[PDB]
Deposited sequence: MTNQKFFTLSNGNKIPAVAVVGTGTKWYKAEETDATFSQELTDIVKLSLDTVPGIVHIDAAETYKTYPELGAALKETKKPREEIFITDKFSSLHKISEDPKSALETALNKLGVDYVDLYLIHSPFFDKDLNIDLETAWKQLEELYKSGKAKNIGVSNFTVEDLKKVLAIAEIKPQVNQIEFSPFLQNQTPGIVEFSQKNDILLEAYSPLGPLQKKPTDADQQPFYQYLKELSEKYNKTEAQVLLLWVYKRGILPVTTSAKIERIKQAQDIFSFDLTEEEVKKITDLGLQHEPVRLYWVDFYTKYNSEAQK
């Protein structure tokens, strides 16, 4: 199992292989509880080898399901890494401190391993701004309820807002990142990496989500097939490892426990310098595909593959 070392010297597992969100929106009412979700989370915790990195979010409304799974697995706490996210775009709690207190209670745990502000755009109805929200995260860091702190979907300019007031500099920024969307907003990857802020990438498998009908003809997809056959791994595995080779943490989820195991096991094989660069270059010659924050960030499309 491989890890990234954040700017504070702490270890985070280099892929996140279980998500705790429903394929559909849920509020939490007992009627809406998904047994199927709690089952897959627990099965994952029980059977996936090494430290299991889970990615969650207040906005999912699935803390119950995750809590039940965390209880009923015999995977010890310290072999689990929970990432959670305060909901800033659409308010569910009063502020991060209240959100996390609620979350700990529902989950029946004492701390999360990483805590993110999910959106740089704050709901009007919040009595907190970004600056004040960050300071709350810094207290949660100091009280040990959040072992690591960061952000999500932040531009360079939004990072600069945080950097200007931060006591504790953000350790992570989780973005949309695939070979077909290589800068969610202008310059984000270059800037983050230059500043020792670890990028996580959600929707890394965008290319396999929207696979065209004449893909047998497109060099990008031909190449991915060629690597799959060389290494005897899935195309998905190759992309997830590509992300890791670009110095970034792929964030993935499946309904299928075998795909979840395969995502953990991307460090069973390796890619060469040449192979990494070729996936990048075939990627960059593809028009940008943006699957999230289309409302907000379409204006940045012209610079997303630049």
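In this chain the deposited sequence has gaps in the coordinates at 1-3, 30, listed in sequence order.
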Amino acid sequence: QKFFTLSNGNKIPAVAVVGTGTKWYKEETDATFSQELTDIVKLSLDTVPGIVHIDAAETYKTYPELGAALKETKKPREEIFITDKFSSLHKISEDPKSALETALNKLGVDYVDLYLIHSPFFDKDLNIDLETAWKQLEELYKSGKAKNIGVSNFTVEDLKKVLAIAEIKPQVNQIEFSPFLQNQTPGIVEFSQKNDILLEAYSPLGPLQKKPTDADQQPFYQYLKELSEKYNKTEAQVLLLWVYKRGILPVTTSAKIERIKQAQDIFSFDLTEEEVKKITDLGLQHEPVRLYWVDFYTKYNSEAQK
From here on, numbers count along this sequence of modelled residues.
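Per-stretch averaging of Cα B factors for 163-171 and 104-112 places 104-112 on top.
Between 212-220 and 137-145, it is 212-220 that carries the larger average Cα temperature factor according to the deposited entry. Residue set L181, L126, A236, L227: peak C-alpha B-factor at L126 (per PDB entry).
Across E190, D95, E79, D158, the greatest Cα temperature factor reported in the deposited entry is at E190. Ranked within its chain, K194 lands in the highest third, by CA B factor from the PDB record. For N153, the recorded CA B-factor ranks within the lowest third of the chain. Only modelled residues enter the ranking. Among the modelled residues of its chain, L291 has a C-alpha B-factor that falls in the middle third, as given in the PDB entry.
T253: CA B factor in the middle third of modelled residues in this chain (values from the PDB entry). Residue-level temperature factors show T20 in the middle third of its chain, judged at the C-alpha atom.
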